[PDB]
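Have a look at the structure below before the remarks.
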Amino acid sequence: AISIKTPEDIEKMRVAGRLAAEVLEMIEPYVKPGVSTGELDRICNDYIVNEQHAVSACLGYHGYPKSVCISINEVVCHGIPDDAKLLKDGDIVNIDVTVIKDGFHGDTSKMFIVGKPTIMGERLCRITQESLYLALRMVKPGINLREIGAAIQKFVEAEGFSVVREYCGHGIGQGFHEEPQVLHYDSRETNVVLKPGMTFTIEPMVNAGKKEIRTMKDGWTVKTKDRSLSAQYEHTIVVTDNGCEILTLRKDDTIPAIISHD
Ligand SMILES: CCCC[C@H](N)P(=O)(O)O
Ligand SMILES: [Co+2]
Ligand SMILES: [Co+2]
Ligand code: NA
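The authors' numbering puts the sequence shown at residues 2 to 263.
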């Protein structure tokens, strides 16, 4: 049930991927102390709809009431935007976007540091991105996804942090969440060999503290059990003949779009 994309399919994901990356690049100037998450959400939505002529995949998904996910500090993921939640100096915030264009999905997220960063915040964001980059560098045909989850874990743990088990990367295409489940840790349950034409996301969530998490009464919001800060980055990629191509690459990414093995 793992869908293999045709080249035409891939051309469309490249567009959707770029659109999604673009929302992230666009929003940056608005991320400042005093802005509410509800306003960031509206700016995004407007852009998506009125400028891009695309659609947010989040709006209505299983009942999701907003256009993007905004997770502050200890919120792990799926934080709900709100007019009352204002950003302060030193906050670390994840903005997660998923756009639909020509029926294809593009899913990506990045951390933003509000005003003057904290040492921990900065550190955690860095290590989290590096862990995603590490995984990307390993992607190529013939390798088992298991090896990827394991390298991520090993890296993160050596850096004194913890990896969230409960949520993971996923296949993506015409469908928002397709097979397979991309675990960010070492698990004997994982046994998936990569092949060209496969499209999925890698989106490790790392905790400054302990790995444990808790779901809010809102049924969306996830927070760390120990209230420590949590960070995440996400990219959508396609497995190529000799490596991978990052479909959601941004101007600020410091990794090449095409990774080649030889
Ligand atoms: C409404 C659920 C939002 C899904 C997230 N973009 P992900 O698939 O990265 O967890
Ligand atoms: Co995703
Ligand atoms: Co996402
Ligand atoms: Na967070």
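For every residue, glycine included, the Cβ atom is placed at its ideal position computed from N, Cα and C.
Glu52: not part of any alpha helix (DSSP H); DSSP gives it neither H nor E.
Contact between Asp42 and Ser68 holds: their C-beta atoms lie close to 6 Å from each other, under 8 Å. DSSP, reduced to helix, strand and coil, places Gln233 within a strand of the structure shown.
Per DSSP, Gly244 is one residue of the beta strand (DSSP E) stretching across 244 to 247.
Membership of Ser132 in the alpha helix (DSSP H) is indicated by the continuous run 120 to 139. When DSSP states are grouped into helix, strand and coil, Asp10 belongs to the helix group. Scanning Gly107, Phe113, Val100, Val50 for the CA closest to the CA of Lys33 turns up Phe113. DSSP, reduced to helix, strand and coil, places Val36 outside both helices and strands of the structure shown, so it counts as coil. Sequence-distant Cβ neighbours of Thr241 in its own chain, meaning closer than 7 Å and more than five residues away, are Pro197. Set against 8 Å, the gap from the CB of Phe177 to the closest heavy atom of ligand 1 is smaller. Contact between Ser110 and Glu29 is absent: CB atoms are separated by about 13 Å, not below the 8 Å threshold. By the Cβ test, the segment 201 to 212 is not in contact with the segment 16 to 27, since fewer than three Cβ pairs between them sit closer than 8 Å. Relative to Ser37, the option among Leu60, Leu88, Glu12 whose CA is nearest is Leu88. For the 9 Å CB-CB criterion, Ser132 and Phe156 form a contact. The beta carbon of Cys70 sits closer than 7 Å to the beta carbons of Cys59, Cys78, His79, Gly80, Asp97 from its chain, once the five residues preceding and following it are set aside; these are given in chain order. Every residue whose Cβ sits closer than 5 Å to any heavy atom of ligand 2 is listed here in chain order: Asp108, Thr202.
The residue among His185, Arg189, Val165 with its C-alpha nearest the C-alpha of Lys212 is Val165. Here the alpha carbons of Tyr48 and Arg215 stand approximately 32 Å from one another.
Short of 7 Å from the beta carbon of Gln130, and not among the five residues preceding or following it, lie these beta carbons of its own chain, in chain order: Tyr234. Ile44 carries a helical assignment under DSSP once its states are collapsed to helix, strand and coil.
Between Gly143 and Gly122, the C-beta gap is not smaller than 9 Å, which leaves the two residues out of contact. Residues with their Cβ less than 7 Å from any non-hydrogen atom of ligand 4, running along the chain, are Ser72, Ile73, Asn74, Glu75, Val76, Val77, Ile93, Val94, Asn95, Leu230, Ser231, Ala232, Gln233. Taking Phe177 as reference, the option from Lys102, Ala152, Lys141, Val223 with the minimal CA-CA separation is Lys102. Distances taken from the Cβ of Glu26 to the heavy atoms of ligand 3 include none shorter than 8 Å. Per the coordinates, the alpha-carbon of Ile260 lies some 6 Å from the alpha-carbon of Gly244. For the 9 Å CB-CB criterion, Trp221 and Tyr65 form a contact.
A distance of 9 Å or more separates the beta carbons of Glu167 and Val76. Residue state for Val115 is assigned as coil, using DSSP reduced to three classes.
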